[PDB]
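K.L.:
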Amino acid sequence: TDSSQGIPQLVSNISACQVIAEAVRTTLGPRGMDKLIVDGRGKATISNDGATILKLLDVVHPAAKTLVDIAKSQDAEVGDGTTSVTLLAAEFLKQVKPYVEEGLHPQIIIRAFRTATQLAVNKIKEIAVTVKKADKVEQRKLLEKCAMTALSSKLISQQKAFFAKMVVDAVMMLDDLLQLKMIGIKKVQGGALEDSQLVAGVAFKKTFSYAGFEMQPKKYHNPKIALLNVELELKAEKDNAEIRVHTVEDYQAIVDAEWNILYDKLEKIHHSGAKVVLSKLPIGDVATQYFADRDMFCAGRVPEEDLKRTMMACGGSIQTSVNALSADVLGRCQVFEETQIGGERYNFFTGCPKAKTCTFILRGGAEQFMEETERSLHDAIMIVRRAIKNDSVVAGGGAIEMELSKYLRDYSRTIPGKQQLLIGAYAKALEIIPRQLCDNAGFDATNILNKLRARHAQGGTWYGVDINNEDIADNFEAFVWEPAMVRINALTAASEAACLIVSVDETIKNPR
Amino acid sequence: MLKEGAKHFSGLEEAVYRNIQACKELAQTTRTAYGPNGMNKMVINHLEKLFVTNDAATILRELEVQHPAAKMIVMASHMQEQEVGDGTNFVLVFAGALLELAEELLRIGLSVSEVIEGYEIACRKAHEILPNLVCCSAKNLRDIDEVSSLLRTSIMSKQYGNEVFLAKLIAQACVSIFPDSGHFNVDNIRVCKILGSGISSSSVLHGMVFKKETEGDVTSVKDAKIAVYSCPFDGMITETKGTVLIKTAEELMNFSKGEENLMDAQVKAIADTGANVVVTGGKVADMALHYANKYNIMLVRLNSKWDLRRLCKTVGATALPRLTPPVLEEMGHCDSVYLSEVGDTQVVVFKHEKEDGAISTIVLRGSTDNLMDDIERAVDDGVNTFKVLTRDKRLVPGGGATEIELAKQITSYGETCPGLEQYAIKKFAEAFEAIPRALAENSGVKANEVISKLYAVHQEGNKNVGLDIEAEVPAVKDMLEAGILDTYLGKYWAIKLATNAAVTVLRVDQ
Amino acid sequence: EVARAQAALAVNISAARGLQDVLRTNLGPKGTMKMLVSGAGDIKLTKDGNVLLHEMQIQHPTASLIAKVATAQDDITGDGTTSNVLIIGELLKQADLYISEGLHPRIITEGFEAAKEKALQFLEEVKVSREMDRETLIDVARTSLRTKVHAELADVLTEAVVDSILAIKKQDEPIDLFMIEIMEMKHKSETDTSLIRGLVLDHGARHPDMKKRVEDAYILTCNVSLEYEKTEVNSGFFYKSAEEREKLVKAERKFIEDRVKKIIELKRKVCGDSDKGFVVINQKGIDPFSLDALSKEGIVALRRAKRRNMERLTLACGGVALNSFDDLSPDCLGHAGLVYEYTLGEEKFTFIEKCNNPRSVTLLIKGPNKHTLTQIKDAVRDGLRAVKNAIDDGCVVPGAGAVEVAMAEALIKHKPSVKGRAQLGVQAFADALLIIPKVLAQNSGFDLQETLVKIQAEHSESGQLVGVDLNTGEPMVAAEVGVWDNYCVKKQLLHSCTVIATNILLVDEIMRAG
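Chains G, H and F supply the protein sequences, listed in that same order. Those letters in the first sequence? Residues 13 to 524, by the entry's author numbering. Those letters in the second sequence? Residues 14 to 523, by the entry's author numbering. Those letters in the third sequence? Residues 12 to 525, by the entry's author numbering.
1) What are the complete alpha helix (DSSP H) segments, minimum 4 residues, inside the region 338-408 of chain F?
2) Whole angstroms is fine: what's the gap from F:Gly525's alpha carbon to F:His71's?
3) Anyone know if the C-beta pair for H:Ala151 and H:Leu164 falls short of 9 Å?
4) Any Cβ of chain H within less than 9 Å of the Cβ of G:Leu512?
5) By Cβ distance below 6 Å, which residues in the same chain neighbour G:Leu274 in space, the five residues on each side in sequence not counted?
6) Considering only the beta carbon of each residue, do F:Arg314 and F:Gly330 sit closer than 9 Å?
7) With 7 Å as the C-beta to C-beta threshold (strictly closer), list the residues of the region 259-281 of chain H near chain A in chain order.
8) Smallest Cα separation from G:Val112: which of G:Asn234, G:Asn487, G:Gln21?
9) So what does DSSP say about G:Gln119, is it helix, strand or coil?
10) Taking only three categories from DSSP, how would you classify G:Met178?
11) Using only alpha-carbon positions, find the residue among F:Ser301, F:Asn293, F:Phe336 that is nearest to F:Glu322.
12) With 9 Å as the C-beta to C-beta threshold (strictly closer), list the residues of the region 123-135 of chain H near chain F in chain order.
13) Could you say which of F:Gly89, F:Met46, F:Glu170, F:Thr147 lies nearest to H:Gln79 if we only look at CA atoms?
14) Should G:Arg398 be labelled buried (16 or more other beta-carbon atoms within 10 Å of its own) or exposed?
15) Have a look at H:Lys439 and H:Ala507 and give me their C-alpha separation to the nearest angstrom.
16) Could you tell me if H:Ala447 is buried or exposed, where buried requires 16 or more neighbouring beta carbons within 10 angstroms of its beta carbon?
17) Which of helix, strand or coil does DSSP assign to G:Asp483?
18) Establish whether the CB of F:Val492 and some CB of chain H are separated by less than 9 Å.
19) So which residues on chain F does H:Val97 lean against when the C-beta distance must stay under 7 Å?
20) Which runs of the alpha helix (DSSP H) fall wholly inside the region 452-515 of chain H and span at least 4 residues, in chain order?
21) Kindly indicate which residue of F:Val62, F:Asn245, F:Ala74 has the alpha-carbon position closest to the one of F:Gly29.
22) For G:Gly312, does the three-state DSSP call read helix, strand or coil?
23) Using a C-beta to C-beta distance shorter than 8 Å, which residues of chain H count as neighbours of G:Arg425?
24) Take the Cβ of G:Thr57 as the centre, count every other Cβ of all protein chains shown within 10 Å, and call the residue buried at 16 or more, exposed below.
25) If the cut-off is 8 Å on Cβ atoms, which residues from the region 33-50 of chain F count as contacting chain H, listed in chain order?
26) Starting from F:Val429, follow the beta strand (DSSP E) in both directions and report where the run begins and ends.
27) Can you pull the DSSP bridge partners for H:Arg203?
28) Please report the distance separating the alpha-carbon of H:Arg155 from that of H:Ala186.
29) Under the three-state reduction of DSSP, which class applies to F:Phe189: helix, strand or coil?
30) Under the three-state reduction of DSSP, which class applies to F:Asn514: helix, strand or coil?
31) Checking 9 Å against the spacing of the C-beta atoms, do G:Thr369 and G:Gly472 come in under that value?
32) Does the distance from the C-beta atom of G:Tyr222 to that of G:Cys310 stay below 9 Å?
33) Excluding five sequence neighbours on each side, which residues of the same chain lie with their C-beta closer than 6 Å to the C-beta of G:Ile255?
34) Identify, in the order they occur along the chain, each residue of the same chain with its Cβ nearer than 8 Å to the Cβ of H:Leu408, setting aside the five sequence neighbours on each side.
35) Under 7 Å between beta-carbons, which chain H residues line up against F:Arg28? List them in chain order, please.
36) Is G:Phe491 helix, strand or coil when you go by DSSP?
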């Protein structure tokens, strides 16, 4: 049973934070410097935001664990700004670290973190511009300019406008969440990158070709969809087995009797109403015979997640038995069309009766073009979705943070003693996030930060650093438009996360 | 040693020096505690969570020491935890402070045994002047402001951000069902964590709160007596499996038929015996559910260990493993059983209305279960301070405002008596000064300034200090008139036990 | 591999010397309480010299030897065992100085023999007759308890101890070996100790309030079970067939039924009215069903009592202990004048007091169930053995090292045998004694020489056994205060010290042994 206490003990806890704050340092755009993180399970791992990998880490300090937990809190609510919270909390504590040595050990610190956080939130909300969806704009054209903000950063040329107006159409129709989960974007090999397709409903990326795959029908006008999490093949129901021998007909009989059981499975669901069979587990060679001959469509080897989207939108439901089951475990569409696009066979289910999935289908025909489009469209769908929920929009780029840092510099003058010092650390900490944007755009980060403060003392505007252009200028007039609300959440979560760590400086551990 | 026998780890140099320095380290966790504070101490223990506390009982039990001197005081703190709530921290800091002051005496040329004697004397004089420091008291316990002022001090000791809402809440939800005049129950009030929603969204519910979702129909009858079973379903017959799936097909038919007919009998036995609410910590199968819809029994899906525990203490219940039909013997004092959603989660609500053996629940709503564990310390101490077993609780100034008053009287009194005793009496004054020192350290300023300026204003019986800016520079705040009050009984046992603990441990040398 | 001659004596003196330190801070009331975690890791609170030697881990041959001789002293007096060690240590020290200059161990020993005879005869002269009154028993009781606990808690235990000894005169024992039942109660303070005349029972009925005041109690103490449930047994183990076990379950339950019935017939035969109660004490269970039936008849039936309760009841009450119930006359059953049930703490204790024909008293110690309640148990233990001695001897002297200076003074002046051989051990013997008074002064903070010259002079002028007032550590007359010592305490430090010394003194080799 271990016990540790002291002023150097406090210093320990902050030092741990820096280590996790470095893992996530920059991921705002697509520059920084990564190292592939491959696990001991023999899996290679990367993500598109650096907070994901950070969640997986197990920290051996409890004080460091608090900062892990607030990451999980941000990620679930907004789904953005998760990185931002780590940076502010850690950095605040960094400029406080040598202040503790001097005398800022006392619990008074917690009080100061509250005054700074409460003012700052209010200043955002007031400065932010409240704009309808019918002010002087279509609902789709407000969210067009907000969806562009993600798209311009990387790395997709002039198709970015076109894709933007498209990606919106899916989000409005579904809206009732702040997550991209019920949308998604599916890459397709081959085809035109000069247009892409917005499909209402679900689709499948690839179904493998089987014996009489083109002898199965590809079009239906009242497809009734059987969702099967099972399989039939030679290893799911046998078609080889030992028999007694004393006549030739014994041999015939055994193969005959086995083919019947596999034929029962498609028939029973077909007679309920099925003609479309969708399965994520493999379908074999023996399996596909019965289907090809019946002139009833089959599909095997389609992604597990994609099959689960099919359930919601068509009103189908999971099965575990395909024998003797209702027709109310089936979903419908009005259109089934199979068109082979590039090297992969593409199943499109659309005409969906309740349409609780709609999804953008992005056709490029590469690996290079498509991963950067997908990376940008993931964050596009986050900006537009959250613009319906909070209708206050403020400049990003860290432009507003530079204004808070101004505002708080003023405040530090009438606020007294040990608290003032705490406020000066808050102000310095706000500038870290834009410094990394300067490292990504390619500038001298300290030179830049100072020029934005000048136009926050000569107008109070929106001057900040762009990675969405890779320059310095107003971000409101550059259509770098993201909600007020991402910023509201990130401040309050960063203070909350902070106060806990500086307070603990007496840690009792048990390795029991 | 000189001996290959006579084992000691204390004695000589090590009694005088090492024991005291150890008491000092335990009591460092309470020189950041007691009243106004922003300290948080994180302690882990592999409990699959983070445990945040600013209570002495949980800190102490976690922490093991191999010396009898430091180990003995933890017991004295627990003793004051049973008889009263908040002030647990104050018991340990006092004993620990007095012992630092003691070692200095030993240095000069004073003997152990007179010093030991002079504390018993100082403790007796301090208690004798203590009911003459009553400045305010309750008379009605059904009045929310008079109860809440008392509560407030317990909450304060935890965080100085959650004093206002909670202190009102407990009194609102009742710990005044009992007369509290001969009799009080504290296992018929629990603090029940409901995950989800903010902590200002913490609510009043009367009688037993269990988180687990309700299934089936719900009852509202007065014939509803509680039957508690840990596991009454697991499948009434367990399988063996011979084809490594089932043993086998004709047998699977029988295993299901026998389950459905045995569960019919079991659930009909419950129905007949007058048990119309059954608490299942087992698993609700379709067959078991199908039966309880017919008989009209409120069904509680699941339970965990924590939920079972509160049923056995409150009800007079036992939790029996079952798969063969039982009958009532758990019984219950609960007539009414209602259904009400707290946290937007279906919660099972038990109630009956009476004074003695009557139930209440301070139920909380919180973002995480960690945030709820600290709040819980504030609330459970607030139930344990209520217990005094009078309705005039003889409130004395809370928050450490008494401490300087006691110290002034004691130092003067010391002068009057002669011999070596008196030095211990003076030290006894400066041990109370521990409390004003810890409030100063969090406040952000040195000890010299606060103790002098409290002394400067003479006899006041209000003066104590907060975490504020008002708490620093003029070092004067009113904690009589801020409605920061604690009970006479809580301060009594704190000072009493601490003096007894300091004397026994100063004696050791083995 | 041997320690011979000077090397053999060296080992003993060095050990005695470190030990002495420990058990001077246990001496008298001014000594200090001690705890062990060095014995096993668990928390013990103990303040007796013998006991503390057992609890620790002793490997040293000289420490062990002192602990063994200690054992005998502890049985008889239970006081003076804090002292045993002190006198041994100094006794050696004296010897050492002479040896180092140049002296043989054997001449030292001879002068010990001469020393011992004179010293014992001095006890006989100086002894002061006392009464056998309460007042005089109070003062043996209070000073001995004062050794083993505080001054505050000790004064409470003083009352309990003394009434018991008066009651033991009635039995006409000149000894104590009964009325020593120590029973513990569950409480939130330890500053109460209550006397209960008869017995106390660990658990009461599982059904409260049957008739919790019994005016006329006819105690059947039994120990056959009236509960054995519904369990399937055969000979107390599983058997191959269900049915064979079952058949026995019927007959066993049936046996119990008839025995519960005998309680119903017994109440009419002995009682006949509900103007009299009936007491049952069963050391084994009784059904909840059986209690309701018994209760309305005006019978209190106790369940889950101990074997120790049962033996005690049979002596005090005049009761019987039977393996049957049946229909028995009140001639066989014992009677108690009163029964009361007192609920305090988390466990309720049925008292069965004002027994006729007692020989057992119970001293009922309340406490929190910490080590403090074990501390008053072992204080109370040796306080019973102390007042036992007062009944043994006729004569009790004033103590506090009063006796010991008087005895030392008598030796210094003349040769007790008139030879120089004796004389070399005799100096050694006299200064060894002086440790006990001087050191009470040392604990307190009063210089040791100053009390020796004063205390000794005042003996000379007066003829009073002037003693030490413990708290000041300055002299005062030990008689008035109540700091007294029995004949047996001052006899048994003397005998133990001589015998133990002369076997370690006379070592010449210590050689290891498997």
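Don't be surprised by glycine CBs; every beta carbon is placed ideally from N, CA and C.
P.N.:
With the structure as the only source:
1) 382-403
2) By one-based count along the third sequence, residue 525 of chain F stands at place 514. By one-based count along the third sequence, residue 71 of chain F stands at place 60. Cα-Cα distance, rounded: 16 Å.
3) Indexing the second sequence from 1 puts residue 151 of chain H at position 138. Indexing the second sequence from 1 puts residue 164 of chain H at position 151. It is not a contact, given that the beta carbons lie outside the stated cut-off.
4) Counting from 1 along the first sequence, the entry for residue 512 of chain G is found at position 500. So yes, G:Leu512 belongs to the interface.
5) Translated into the one-based positions of the first sequence, residue 274 of chain G becomes position 262. Around G:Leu274: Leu244, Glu249.
6) Mapped onto the third sequence, residue 314 of chain F falls at position 303. Mapped onto the third sequence, residue 330 of chain F falls at position 319. Cβ distance not < 9 Å, so F:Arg314 and F:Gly330 don't count as in contact.
7) You won't find chain A in this structure, because its protein chains are G, H and F.
8) One-based indexing of the first sequence puts residue 112 of chain G at position 100. Checking every option, the nearest Cα to that of G:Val112 belongs to G:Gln21.
9) As a position in the first sequence, residue 119 of chain G is number 107, starting the count at 1. Looking at G:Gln119 - three-state DSSP - the assignment turns out to be coil, as it is neither helix nor strand.
10) Translated into the one-based positions of the first sequence, residue 178 of chain G becomes position 166. Correct three-state label for G:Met178: helix.
11) As a working note, residue 322 of chain F is residue 311 in the third sequence. The residue with the shortest Cα to Cα distance from F:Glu322 is F:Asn293.
12) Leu123, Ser124, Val125, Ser126, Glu127, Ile129, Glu130, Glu133
13) Residue 79 of chain H sits at position 66 when you count from the first residue of the second sequence. Ranking F:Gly89, F:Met46, F:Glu170, F:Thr147 by Cα distance to H:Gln79 puts F:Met46 first.
14) Stepping through the first sequence from its first residue, residue 398 of chain G is reached at position 386. Buried: at least 16 other Cβ atoms inside 10 Å.
15) Residue mapping note: residue 439 of chain H aligns to position 426 of the second sequence, counting from 1. Residue mapping note: residue 507 of chain H aligns to position 494 of the second sequence, counting from 1. Taking the straight line joining both Cα atoms gives about 19 Å.
16) Stepping through the second sequence from its first residue, residue 447 of chain H is reached at position 434. Under this definition H:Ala447 is a buried residue.
17) Indexing the first sequence from 1 puts residue 483 of chain G at position 471. Correct three-state label for G:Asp483: strand.
18) By one-based count along the third sequence, residue 492 of chain F stands at place 481. Not closer than 9 Å to any Cβ of chain H, the Cβ of F:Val492 fails to qualify, so no.
19) As a working note, residue 97 of chain H is residue 84 in the second sequence. In chain order: nothing, as chain F lies at least about 11 Å away.
20) 460-469
21) In the third sequence, residue 29 of chain F corresponds to position 18, counting from 1. Considering only alpha carbons, the answer is F:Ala74.
22) Taking the first sequence and counting its residues from 1, the one referred to as residue 312 of chain G is at position 300. Coil, per DSSP.
23) For the purposes of this step, residue 425 of chain G is taken as the residue at position 413 of the first sequence. Those do not exist, as G:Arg425 stays about 15 Å from chain H at its closest Cβ, beyond 8 Å.
24) For the purposes of this step, residue 57 of chain G is taken as residue 45 along the first sequence, with counting starting at 1. It counts as exposed.
25) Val33, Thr36, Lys41, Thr43, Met44, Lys45, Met46, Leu47, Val48, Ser49, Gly50
26) If you number the third sequence from 1, residue 429 of chain F lands on position 418. No beta strand (DSSP E) contains F:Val429, which DSSP labels as neither H nor E.
27) As a position in the second sequence, residue 203 of chain H is number 190, starting the count at 1. In the DSSP output, where bridge partners are listed per residue, H:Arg203 has H:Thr374.
28) Counting from 1 along the second sequence, the entry for residue 155 of chain H is found at position 142. Counting from 1 along the second sequence, the entry for residue 186 of chain H is found at position 173. Taking the straight line from one Cα to the other gives about 11 Å.
29) Working through the third sequence from its first residue, we reach residue 189 of chain F at position 178. Residue state, collapsed to three classes: coil.
30) As a working mapping, residue 514 of chain F is identified with position 503 in the third sequence. Here F:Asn514 sits in helix by DSSP.
31) In the first sequence, residue 369 of chain G corresponds to position 357, counting from 1. In the first sequence, residue 472 of chain G corresponds to position 460, counting from 1. No, the pair does not count as a contact, with Cβ atoms beyond the cut-off.
32) To locate residue 222 of chain G, count along the first sequence from 1; it is residue 210. To locate residue 310 of chain G, count along the first sequence from 1; it is residue 298. It is a contact, given that the beta carbons lie within the stated cut-off.
33) Your numbering for residue 255 of chain G matches position 243 in the first sequence. Correct list, in chain order: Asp262, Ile266.
34) Locating residue 408 of chain H in the second sequence gives position 395, counting from the first residue. Closer than 8 Å at the Cβ level, and outside the excluded window around H:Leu408, lie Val147, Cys148, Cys149, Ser150, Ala151, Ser162, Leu163, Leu498, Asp499, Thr500, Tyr501.
35) The residue you call residue 28 of chain F lines up with position 17 of the third sequence. In chain order: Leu15.
36) Working through the first sequence from its first residue, we reach residue 491 of chain G at position 479. Three-state DSSP puts G:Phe491 in coil, outside helix and strand.
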